[PDB]
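As a plain string of letters, each chain reads:
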Amino acid sequence: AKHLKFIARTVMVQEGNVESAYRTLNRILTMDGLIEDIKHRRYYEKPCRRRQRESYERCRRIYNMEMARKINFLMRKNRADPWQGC
Amino acid sequence: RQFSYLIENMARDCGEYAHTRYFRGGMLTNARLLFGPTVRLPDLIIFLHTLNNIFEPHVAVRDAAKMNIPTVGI
Amino acid sequence: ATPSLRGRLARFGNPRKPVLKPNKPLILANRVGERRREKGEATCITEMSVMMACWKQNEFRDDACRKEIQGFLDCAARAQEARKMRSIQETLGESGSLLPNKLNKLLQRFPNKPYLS
Amino acid sequence: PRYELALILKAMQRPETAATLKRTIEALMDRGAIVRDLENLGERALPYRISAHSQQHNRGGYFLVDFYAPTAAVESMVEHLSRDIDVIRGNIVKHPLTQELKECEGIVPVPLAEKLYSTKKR
Amino acid sequence: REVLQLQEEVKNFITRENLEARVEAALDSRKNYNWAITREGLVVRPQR
Amino acid sequence: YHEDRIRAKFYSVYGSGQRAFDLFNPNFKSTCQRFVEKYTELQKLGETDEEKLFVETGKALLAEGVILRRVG
Amino acid sequence: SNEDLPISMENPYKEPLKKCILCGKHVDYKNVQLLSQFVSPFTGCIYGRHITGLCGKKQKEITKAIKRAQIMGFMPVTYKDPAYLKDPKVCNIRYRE
Amino acid sequence: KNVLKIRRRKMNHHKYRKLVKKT
Amino acid sequence: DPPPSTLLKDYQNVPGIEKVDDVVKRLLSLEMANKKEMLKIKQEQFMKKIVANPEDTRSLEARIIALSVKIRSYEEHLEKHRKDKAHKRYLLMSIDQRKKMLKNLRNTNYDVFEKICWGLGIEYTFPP
Amino acid sequence: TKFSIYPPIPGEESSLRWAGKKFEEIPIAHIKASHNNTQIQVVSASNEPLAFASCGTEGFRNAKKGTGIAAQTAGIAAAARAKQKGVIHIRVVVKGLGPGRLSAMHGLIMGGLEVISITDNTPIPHXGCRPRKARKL
RNA sequence: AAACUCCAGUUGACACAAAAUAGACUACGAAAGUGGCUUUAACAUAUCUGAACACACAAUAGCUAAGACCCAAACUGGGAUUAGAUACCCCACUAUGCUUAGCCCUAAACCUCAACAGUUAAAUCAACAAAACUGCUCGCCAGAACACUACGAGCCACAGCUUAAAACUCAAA
Ligand code: FES
Ligand SMILES: [K+]
Ligand SMILES: [K+]
Ligand SMILES: [Mg+2]
Ligand SMILES: [Mg+2]
Ligand SMILES: [Mg+2]
Ligand SMILES: [Mg+2]
Ligand SMILES: [Mg+2]
Ligand SMILES: [Mg+2]
Ligand SMILES: [Mg+2]
Ligand SMILES: [Mg+2]
Ligand SMILES: [Mg+2]
Ligand SMILES: [Mg+2]
Ligand SMILES: [Mg+2]
Ligand SMILES: [Mg+2]
Ligand SMILES: [Mg+2]
Ligand SMILES: [Mg+2]
Ligand SMILES: [Mg+2]
Ligand SMILES: [Mg+2]
Ligand SMILES: [Mg+2]
Ligand SMILES: [Mg+2]
Ligand SMILES: [Mg+2]
Ligand SMILES: [Mg+2]
C-alpha cells in the first residue's frame, strides 16, 4: 500500500508473447512460495494442523532428496551389461 | 561375474567343480531331491567371493555349514 | 544438501522435543512411485468460443462462420493426436531420467540394507 | 552503554536540518548522554511511504548519532523523538561495534544420522 | 590499552562548544555503509 | 607416515606433478617422492628448520633439472 | 622397534574447513546493498540458506538485519530495491526457464 | 491402538454430565 | 547501591585511572553500564567485608554471597514486574538454594556461618 | 540491448517507448480473479476509469461466472470499450488465483489490446485477519 | 437459494486485531509455552535423588468487572439439503478469542518413554514401537466393569475441580 507500484511481482512482456510472460510470473510466484501460501490462506489452518503439515512436508523433502541422491549415484550403473552370458 | 569364465575354466583344468551361476534354493540342503537319493555332495567348498550380487553372504555359506561341509573362502 | 536428521526424532538420549513426527520410517525403499498422470483438462475451448461467438452474431449460419469453424475443427483434431502422441512419449521415457520400471530394476541391484548381514 | 540512533529527518533546507540535529543532540546531552559522532548518510527516497505527524513523506535525511548514555536515557529519549515534528522515524539500537564477532573456523559438515531405527529385519 | 585509546577518542567527541561547528561539518560530508559481496567473497565498494 | 607431512605441503605448494603416476611399476618415483627423498637427506645433514629445509629442497631439484611450477 | 610401522598423528592432507562468503565480515542493517543480495527481486522474500549458501550464523544475522532494516526505514519489504538489481548474483536460484 | 477404552469413558462422562444437568 | 561514579570492577586497578579526563571516568563508571556491572561491585564489597580470602570464589561463603546478590536483584526485578512468573520462580528457588548452603555452612563452620549471617543480614530460620 | 524482464524504474532515463508513451503513462488493466467471478477494469495511468467488464455484466450467472470462458468474454468486452477510448497498450495487474486469472488476459488480447507487462497483486497478509474456518467435505 | 445493491472496482487516508518469507534452521524455557522491530530488566543450584502434608506455576475453554473491536466465531436466525437434518454446505450475528484486574486449575498437559551415573560387553531380542541393558533414588501399578462414579474432606471453584471406594455382575477384558 505504502510501497511503489509496478515493481513487485512484475514481469515485462517480450515481443507480445504474453503466454511466456505469464509463465515466468507464475514460475516466480511458485518458487517464492506465494502460490502455496495463498492457497493455504483461503481457510484458516489451525496450528496443530499446520505443525502436522510442516512435519509431513519436511519428512517428504528428506526422503525425496535422499532417494534422488541415490538415483544419481547409481545412474552410471545403468550401462550395458559388460559380462553378458556369465 | 567378471570372473565366472575364469573360475569355471580353473575348475575344469584342476579336475574339480564350479558353481558360478545363480544358486537355486536347496542345492545342498535338498540335494537328494534335486539330484537323486545317491547324490554325493562336495567335501570342500571354496569361495573366491563370499558375497552374492546384492552384497549379502552367499546362501551356500550357510547351507554348506548346515550340511557340515568345510568351506574355504576369500 | 539433505536436511539434517540429527536430534529430529523422538529417541532415547535426545533431550529436546521431536522436530519431526514421521508416520513412516525414514528408510529408503527399493522402489519409486509410479509415473503418475496429469488429470485431463478440456481442450480447444478458446477456439470453441470463436466458433460460438460468430455463430451468435451470424444467427448460427455456418457459411458466415466457415473460417472460425475450421479453426475449432483443426484444433480438436490436433488435440486428439497430441493426446495420442503423449501416450507414445510416456513409453519412450525421454521426459524422465528413467522409466519407473527401468529405475526399479536398478534399485533391485543395489537394495537398501537397513539391517545387518 | 553505547547506542546508535538511526534518525530519518524530514526533507528540509540546510538551516532547518541543522537546527533539528542540534535540538536532537542537545536532548541527548540533557538526558546525560555523551555524544561520540554524527554521520550523514545522505538524503534519499524512503523505501516506502511513511506517515508522521499528519503528513506523508517520500524523502528523508538519514543521520546517525553514536553516543554513550545510561540505560534510563533510552526510554526517555524515545519519547522525545515521538514529539519532534521534523523526525520521520527514529530508532535507538545497541551499537553494532560493541558486539565482538567470534572467530569462525568454517562449515563443520553434518553426517547423515545413523542408528535412528533398529537393525531388525522388517 | 583500552583506556589510552579511549582517552584519545574523547578529544573528537561532540560538546556544547563545538556542536554548531560539528553539525555544519556533518551536513557537508557523506558516509556510505553500502557494499556488496561476490561469489568469491570479495567486497565491492560503491562507485564514489 | 612422517613423510605425509612433506607430501601435503608439496601438493599444496607445487600441486600434483604434470607427470603421470604409473602405479603398475612397483618402483615408480613421482616428483613428490623425489622431493621427499631430498627433503629427508637434508634433514639428516643436521638442518632442523622446517620452512628453511623446504626452500633448499626446491633449489636442489631445480639444479638437477626438475620442473617445479608453483601453483600460486 | 621398526621404522616402517605407521605413526599416530593428525591427518596431514585434511582440507581446511569451507567458509561462507560472509565468514569474518560484519553484517550491518544499514548495508542495504549487501542485504538486498539475499532477497527475491520480485517479492522481497528472504532466500533460505539452501539458496544463499550461508552458514547458520550468517543466515541468522542476514535475516535479523533485513527485518531490522525494513521496519527502521532503510529497506523495502515487498520488492528488492531496483538500484541493487545489477549487483553480483551470489545466490543459487534462476527464475527464467 | 484402538480407542475402545476411550469410547467407554466418553459415554460414561457424557451420560454423567447430562444427568447432572437434568437434576 | 554503589554510587554511579564508581568505576567498573575491571578499570578500578589500572594505573593512572585517577588522572584521566572526567569524560573518560564517566565512560568507565557504573552510570554508563548495565545493572549487572553494579551487581559485580556489590559482590566485591561483601567479599572483603565477610570472607577471609576475597579471591577464593569456590568457597561455600563466596557462593552464599554470590547467590545473595542474585536474590536481591530478583527482588528488585519483581518489584517492578509483579506478574513475571519466570523470575518469581528463580527467586523462590534461589532462596531455597541459599538455605541449603546456609544449612551446610552452619553444620561445617559455625564461626563463618555467623559472619555470613551478620554481613548479609540473613536471619537463619529452622524449617517447620 | 538485451531484454530485461524487470520493469523500467520511474525517474530513470529509459529508452523503451510504446506509441511515444513511457511505461509510467501506459493505462492499467486491473483484473480481479476471484473463485466465482472475474472483474476487469481498465484505468488510465492517471487513475481515470475507462472501461469495466465482469463475468456478471456479460450475462453469466452463478457457477457460470466462475469459468475461464466467462472471464475471457469479460476481457473482450472491456477491451472493446477501452479501445474506443484510445487504448492500445495496457499494463495488466491481476490479483487472485481464480479460474479467470489467465483467461481474462486472453480476452484482453483477443479484444485488440497489447499487454506490455504482467503484475501479480494477490493480497498476502504477513501474519492479518483470521480467515474463515476450514470446510468439512 | 437466501443475503447485499449507502453494492462492487481504481486511488488516497487508515488499528487496543494478527505477526508472509527467513525456518531445508532446531534454538530458548521447569513445564505450559516461545518464530514482526527496538530498548530495559533478565534466565536457581561448585554432589545427586527428594514434598499428593507445602510453595510457585500451568495451552485452550470458562467465570467476574471495566474497555477495545478488523476478522474469525459456539449459540441463535434465515437459505439449501434430507424420509427426518436440532448436522455436514451458504449467509448474518452474539458470547468468546484481545487489553487491564481478579479468578477457575483442567488437556491425547503424550515425545503416553521419570531424575542422576554408566555400558555397547554380551545371555541382543515375546510382538510392535523409538536397539539392549547396569547402578541408584523417588513416584506409580496389581482381572474386567461399576468408576474421570458415590460418600467424606479441601478449594474465590456452587451443572466445578482434586483425592477416590464398595455392593451386585462377568470369565474374561
Ligand atoms: S562459515 Fe564462518 S561465519 Fe559463516
Ligand atoms: K510477520
Ligand atoms: K503424544
Ligand atoms: Mg541416562
Ligand atoms: Mg503412526
Ligand atoms: Mg490406526
Ligand atoms: Mg458406560
Ligand atoms: Mg470423507
Ligand atoms: Mg437471490
Ligand atoms: Mg532437587
Ligand atoms: Mg511433584
Ligand atoms: Mg490455565
Ligand atoms: Mg478469558
Ligand atoms: Mg464477520
Ligand atoms: Mg437452520
Ligand atoms: Mg464480539
Ligand atoms: Mg495484541
Ligand atoms: Mg503439548
Ligand atoms: Mg502420563
Ligand atoms: Mg522425579
Ligand atoms: Mg476430567
Ligand atoms: Mg467428581
Ligand atoms: Mg462431595
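Residues numbered from 1 in each chain as written, not as in the entry; some residues may be left out. Chains lettered and ligands numbered in written order. Part of a larger assembly, values for the part shown. Heavy atoms only, no water. Residues with missing side-chain atoms left out of burial classes, pairs and counts.

Per the deposited record, the coordinates in this entry were obtained by cryo-EM to a resolution of 3.09 Å.

The name the PDB entry gives chain I is 28S ribosomal protein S15, mitochondrial, with Homo sapiens as the organism. The title given for this PDB entry is "Initiation complex of human mitochondrial ribosome small subunit with IF2, fMet-tRNAMet and mRNA".

Looking at the PDB entry, one finds chain F named 28S ribosomal protein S23, mitochondrial and attributed to Homo sapiens.

Engineer: Would you explain the overall build of chain F in this entry?
Structural biologist: What chain F contains, in helices and strands, is 3 helices and 0 strands. Across chain F, helices and strands are ordered from the amino to the carboxyl terminus as α-α-α. The C-alpha radius of gyration computed for chain F amounts to 12 Å, which stays within 12% of the reference 11 Å derived for 72 residues, consistent with globular compactness. Along the three orthogonal principal directions, the C-alpha set of chain F runs to about 35 × 25 × 20 Å. Every one of the 72 residues in chain F was classed for burial, and the buried ones make up 32%. Intrachain contacts of chain F at a sequence separation of at least 6 include 49% that bridge at least 24 residues. Entry remark: accessible area of chain F is about 5200 Å², with carbon and sulfur atoms responsible for 51%. (Helix = DSSP H or I, 4+ residues; strand = E, 2+ residues; numbered from the N terminus. Rg over C-alpha atoms; globule rule 2.2 N^0.38 Å. Buried < 20%, exposed > 50% of the residue type's maximum accessible area, 1.4 Å probe, protein only. Contact = heavy atoms within 4.5 Å. Areas by Shrake-Rupley, 256 points an atom, 1.4 Å probe, with all protein chains shown as cover.)

Engineer: Just checking my understanding: could you explain unusual backbone geometry for this structure?
Structural biologist: A negative phi angle is the norm for most residues apart from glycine, just as the trans form is the norm for most peptide bonds. All names here are of chain A. Unlike most non-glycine residues, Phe6 shows phi in positive territory, near 65°. One can find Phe6 in the segment before β1 (10–12). Residue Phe6 is classed as buried on the basis of its relative accessible area, which comes to 14%. A positive phi angle, near 55°, is found at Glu15, a position not held by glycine. Inspection of the secondary structure puts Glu15 in the loop between β1 and α1 (18–31). According to the relative accessible area criterion, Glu15 is exposed, its value standing at 81%.

Engineer: What should I look at first to understand the pairing of strand β4 (residues 89–95) of chain J in this one?
Structural biologist: Along any regular strand the residues' side chains alternate between the sheet's two faces. All names here are of chain J. With 6 of its 7 residues buried, β4 lies for the most part within the structure. Looking at chain direction, strand β1 (residues 28–33) and β4 are connected through 5 bridges and run parallel. Residue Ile28 lies in a different strand from β4, and its bridge partner there is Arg91. Here 6 bridges tie β4 to strand β5 (residues 114–120), and the two strands are oriented parallel to one another. Within β5, the residue paired with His89 across the bridge is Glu114. Where the polypeptide runs from β4 across helix α2 (residues 100–110) and back to β5, its parallel neighbour, the crossover connection is right-handed. (Pairing = 2+ DSSP bridges. Right-handed = clockwise from strand over helix to strand, strands pointing away.)

Engineer: Whenever I open this one, the sheet that holds strand β3 (residues 56–68) of chain D confuses me. Can you help?
Structural biologist: Backbone hydrogen bonds hold the strands of a sheet together, and the pairing may be parallel or antiparallel. Residue and element names in this part refer to chain D. One open sheet accounts for 4 strands, arranged β2-β3-β1-β4; its pairing is antiparallel. With partners counted over all chains shown, the strands left at the sheet margins are β2 (34–51) and β4 (87–94), one partner each. Between one strand and the next, the sheet's axes are offset by a mean angle of 20°, whatever the strand orientation. Both β2 and β3 contribute to a ladder of 12 bridges, which runs antiparallel. When the sheet's bridge partners are listed, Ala45 is paired in β3 with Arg59. Strand contacts of helix α1 (residues 14–30): β1 (2–10), β2 and β3, with the helix running at about 150° to β1, the strand carrying the most contacts. (Axes fitted to C-alpha atoms, helices over the stretch in contact; angles between N-to-C directions.)

Engineer: What is the right way to look at helix α2 (residues 31–44) of chain F in this model?
Structural biologist: What sets the pattern is the α-helix's 3.6 residues per turn: residues three or four places apart point alike. Residues and elements named next belong to chain F. Counted at 1.5 Å a residue, the expected span for α2 with its 14 residues is 20 Å, and the 20 Å between its end C-alpha atoms agrees. Burial in α2 covers these residues: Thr31, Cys32, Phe35, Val36, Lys38, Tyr39 and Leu42. Taken end-on, α2 shows its buried residues confined to a sector of 170°, consistent with a single buried face. On the buried face of α2, the contacting elements are α1 (3–14) and α3 (50–63). Note on α2: the residue one or two positions beyond its end, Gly46, has a positive phi of about 105°. (Expected span 1.5 Å × (residues − 1). Arc of directions from axis to C-beta.)

Engineer: What's the story with the pattern of salt bridges in this structure? I'm lost.
Structural biologist: Side-chain pairs of opposite charge can arise where the charged atoms are in close proximity. Taken as a whole and assessed by the stated rule, the structure comprises 48 salt bridges over all chains. Residues A:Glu54 and A:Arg58 are paired through a salt bridge, measuring 3.8 Å at the closest nitrogen-oxygen approach. Here A:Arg58 and A:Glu54 lie together in helix α3 (residues 47–74), a separation of 4 residues that amounts to about one turn. Of the residues examined, A:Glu54 reaches a relative accessible area of 24% and is grouped as partly exposed. Given the relative accessible area of 39%, A:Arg58 is considered partly exposed. Linking F:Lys38 and F:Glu41 is a salt bridge whose minimum nitrogen-to-oxygen distance equals 3.8 Å. Placement of the pair is F:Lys38 and F:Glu41 together in helix α2, with a separation of 3 residues, close to one helical turn. Exposure remark for F:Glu41: the relative accessible area of 45% places this residue in the partly exposed category. Through salt bridges with shared partners, one network takes in D:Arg2, D:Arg36, D:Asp66 and E:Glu9. (Salt bridge = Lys/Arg side-chain N within 4 Å of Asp/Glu carboxyl O.)

Engineer: Help me understand the protein's contact with RNA strand K in this model?
Structural biologist: Taken together, 101 residues lie near RNA strand K, and G:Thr63, I:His87, I:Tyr90, J:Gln41 and J:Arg130 sit nearest. By atom count, sugar and phosphate contribute 69% of the portion of RNA strand K lying within 4 Å of the protein. Within the contact set of RNA strand K, a phosphate oxygen lies 2.6 Å away from a side-chain nitrogen or oxygen of A:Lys5. I:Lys35 is positioned with one of its backbone polar atoms (N or O) 3.3 Å from a phosphate oxygen of RNA strand K. Top element by residues in the surface near RNA strand K is helix α4 (residues 85–108) of chain I. It accounts for 11 residues. (Near = heavy atom within 4 Å. Polar contact = N/O pair within 3.5 Å; in protein donor to acceptor, adjacent residues only side chain to side chain.)

Engineer: Would you take a moment to explain a nonpolar patch on the surface for this structure?
Structural biologist: A cluster of nonpolar side chains, B:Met10, B:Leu44, B:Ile46, B:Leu48, B:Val72 and B:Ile74, forms an exposed patch at the surface whose accessible area comes to about 580 Å². Within the secondary structure layout, B:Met10 lies in helix α1 (residues 4–14). (Patch = residues over 30% accessible without salt bridge, like charges linked within 9 Å, V, L, I, M, F, W, Y side chains within 5 Å.)

Engineer: I would appreciate a short explanation of the arrangement of the chains in the present structure.
Structural biologist: A comparison of contact numbers over the 15 pairs of chains in contact places chains A and J at the top. No interface is formed between chain B and chain D, the nearest pair of C-alpha atoms being 14 Å apart. Spatially, chain H is disjoint from chain J: no contact exists, and the shortest C-alpha separation is 23 Å.

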